[PDB]
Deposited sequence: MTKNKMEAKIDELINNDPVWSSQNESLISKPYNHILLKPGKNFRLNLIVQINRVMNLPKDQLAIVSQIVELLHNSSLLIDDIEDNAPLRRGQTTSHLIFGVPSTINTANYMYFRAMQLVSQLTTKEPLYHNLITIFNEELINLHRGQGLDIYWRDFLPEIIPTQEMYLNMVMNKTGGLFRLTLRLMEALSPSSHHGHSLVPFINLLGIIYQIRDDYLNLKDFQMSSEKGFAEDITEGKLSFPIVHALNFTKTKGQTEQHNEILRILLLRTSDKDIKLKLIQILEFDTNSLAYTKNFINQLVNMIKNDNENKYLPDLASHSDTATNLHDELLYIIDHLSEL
């Protein structure tokens, strides 16, 4: 009787969610928490610009939470990663929750049915590309040495992965522009990712990419260079170190030395970046 009235009230109402439940679920996210120039070309009413910014931050910060779980990373922005503090379970769920909260902010960008559809299609396509690229980068790392990607394979993976959020931001803005730079943002994403792989080793930075076993741009060059020159032992030593998932700084340095002195992959990568930067700068 009393129970029934309560069940009645419950099922006839929208699901109950308090501001306090929201805070509990947002903890892994708030922890990591600690465009306008592109707008000098797009000129979006500071209104929409606010939402696009929130969308990008939600996606970007959430994808980093997941990326850190996927790479078992101990640090991010100089502090202990969220999953080590709140646990992997809550961190995955919170990150995924923020993906859908970002998705909901898209509807406040516009109610114009034609443009709305376009915005959700862009959001959908680029999150698809982001995940395809991440899945490929993860697959090569976790199945090593089953597949050693080539430079071309690596660049296609980057166009999907890194290119995704770069293209997402640019395409949303362009579509809302009251006034294509995609080829340019793509080049920019490639530069940013290769430089990120390069600096991970040069700052050595804990050179966490080695510990993670990542097929970075220099590693890909080094593996294909040693394969081509028939340097079996060197090729194998590189694979052996990546497979150790080691945190030993001496071992990480040993690999970096193979890359500096045997395959000259760091100079190779620097050069490649300079040629890309030149394509923009020229």
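What the model leaves out of the deposited chain are the segments 1 to 3, 38 to 47, 193 to 197, 223 to 228, 307 to 340.
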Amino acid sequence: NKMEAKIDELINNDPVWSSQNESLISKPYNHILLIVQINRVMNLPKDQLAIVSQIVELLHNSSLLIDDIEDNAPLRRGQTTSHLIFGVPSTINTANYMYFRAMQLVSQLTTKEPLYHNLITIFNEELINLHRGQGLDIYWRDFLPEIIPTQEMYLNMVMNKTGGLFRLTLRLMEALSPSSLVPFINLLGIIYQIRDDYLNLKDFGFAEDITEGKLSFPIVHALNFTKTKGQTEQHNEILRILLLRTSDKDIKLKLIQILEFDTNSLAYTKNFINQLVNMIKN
From here on, numbers count along this sequence of modelled residues.
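Modelled in this chain, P178 is likewise built in all the other compared entries whose models extend past it on both sides, so a third of them omitting it does not occur. Notably, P149 is never a gap: all other compared entries of this protein, restricted to those modelling both its neighbours, have coordinates for it, so the one-third criterion is not met. Higher average CA B factor: 102 to 110, of the stretches 81 to 89 and 102 to 110. Look at the C-alpha B-factors of 132 to 140 and of 158 to 166. On average they run higher in 158 to 166. Out of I190, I147, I210, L181, the entry records its largest CA B-factor for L181. Out of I32, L223, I251, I69, the entry records its largest CA B-factor for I32. For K214, the recorded CA B-factor ranks within the lowest third of the chain. Only modelled residues enter the ranking.
The PDB entry assigns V41 a C-alpha temperature factor belonging to the highest third of its chain's modelled residues.
Per the deposited record, the Cα B-factor of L49 falls in the highest third when ranked against the other modelled residues of its chain.
Among all modelled residues in this chain, the alpha-carbon of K229 has a temperature factor (C-alpha) in the highest third. Per the deposited record, the Cα B-factor of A95 falls in the lowest third when ranked against the other modelled residues of its chain.
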